[PDB]
């Protein structure tokens, strides 16, 4: 195929302005174009769309490329097809175990299953429809199920999200593309393959994971929901199995740990058993809300409401006198601050949107880095203890209700702790209790957020508006531990055991966690292949 890039077309171009641009650029008639894909559609945020098209032409394309050698924007389309590194030897009697069915476990298990390894996937949480019952019900009737909530269950933490797929580091093996093609293959909107800043929306995420679960089952994988791993079978730096919370055993010498960074109990057990772990730094802050219209105004203006440009977003970063860095994270256009606790007596904030991104508010976590040996002890589990501390406190300030501590921008900045709501209303649910957020984070984080928000007002007008809403505590932005593994993908002090995903400290989102899943599946495969060789 032939790749043409830097095709500029007005925002409101008619259909097949694309094809016209193919013929204009390659001097070929419509009739020679067998087909084309949109490989990338972006825009310059100052409108004009920017495409990169991959084109199948009839005849000798090799000849056509030659006549354009001197054109930088006419390349040969790279070979982006995912390569299965192996296939399961027919010898196999041992099925690899995968612990957790978030994006990371999802791809470790899908890739293992596609290579005929017949992986067993366990998930402490539930199938996504019952999970949705448990979670929406927590949000409404304040009854929390510690095993089945925003953190735990089918699809892991990705499920109740805006489903943004973030930029990644370099990826010559096209892991990224492999993840998204599977998404699309399972019903995700085709758009996500080429659009800039793609998003899937929580509802689409739900139908998607189901299909993908069916796809792994059909392939010979096994998926056991409401099934929690509570201990590992260890013997001389070698794992040979796992024990379930029900007391059942499963024996295997290949075990992927992809449990997310909320698997605190699991983290405790791993410590108790001597698996190696290091304190990892991370961020904490508050969910902030403004009217989504005030963001549309600051980013677009008249072109606001356009069905392509979508709901506006933003991305902000401030270096405070404090020495700390405040930034915005998981920004959710027209979305909902969500109640993300997985623990009794703890309040946790995060963010979510629907595909349509049509709620009244724009939100995002405004967070600031904290570090082991600066902000808490340096023992491996100390970040966790510090989180639980932050979460217990917010529950408390929130009225032991599962309501969330909240304060208007205006008085948090100023210290006028008491004031009551303006027009920006809380999306957090069960609900919120106005209070003094100064009490909610460490003195240096509050000071940094305090400095950062007006500095943000300068970047987007209204960001420091008095009525804007600050909610809850966002405490779980990345893992407080590194379950270090090294080039082997194996725990540095335990063979057969594969630390993976966000939980391990090796991913930071849906796409990257999925990418890690693939890499891990590939290394479990290779290892098994090398083992089965003779």
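Positions refer to the first chain, counted from 1.
Exercise. How much of the deposited sequence is absent from the coordinates between residue 487 and residue 488: none, 1 to 3, 4 to 9, or 10 or more residues?
Worked result: According to the record, the chain runs unbroken from residue 487 to residue 488.
Exercise. For the stretches 107-115 and 84-92, which has the higher mean C-alpha B-factor as given in the deposited record?
Worked result: Mean B over CA atoms: larger for 84-92.
Problem set entry | Higher-scoring stretch by recorded Cα B factor average, 56-64 or 494-502 | Between 56-64 and 494-502, it is 56-64.
Exercise. Which is it among 185, 389, 278, 130: the one with the largest CA B-factor in the entry?
Worked result: 278 has the highest C-alpha B-factor of those listed.
Exercise. Between 179, 205, 340, 434, where does the Cα B-factor run highest in the record?
Worked result: Of the options given, 434 has the highest CA B-factor in the PDB entry.
For this session: Using the B-factor values recorded in the entry, state whether the Cα atom of residue 514 falls in the lowest, middle or highest third among the modelled residues of its chain.
Result: Tercile = lowest for this residue's CA B-factor.
Exercise. When the modelled residues of the chain are sorted by Cα temperature factor, does residue 313 land in the lowest, middle or highest third?
Worked result: Middle third by C-alpha B-factor.
Exercise. When the modelled residues of the chain are sorted by Cα temperature factor, does residue 336 land in the lowest, middle or highest third?
Worked result: Answer is middle: the recorded C-alpha B-factor places it there.
Problem set entry | Within-chain third of residue 508 by Cα B-factor, per the entry | Its C-alpha B-factor belongs to the lowest third of this chain's values.
Problem set entry | Where the record places residue 298 (Cα B-factor, split into thirds across the chain) | Ranked within chain, residue 298 CA B lands in the highest tercile.
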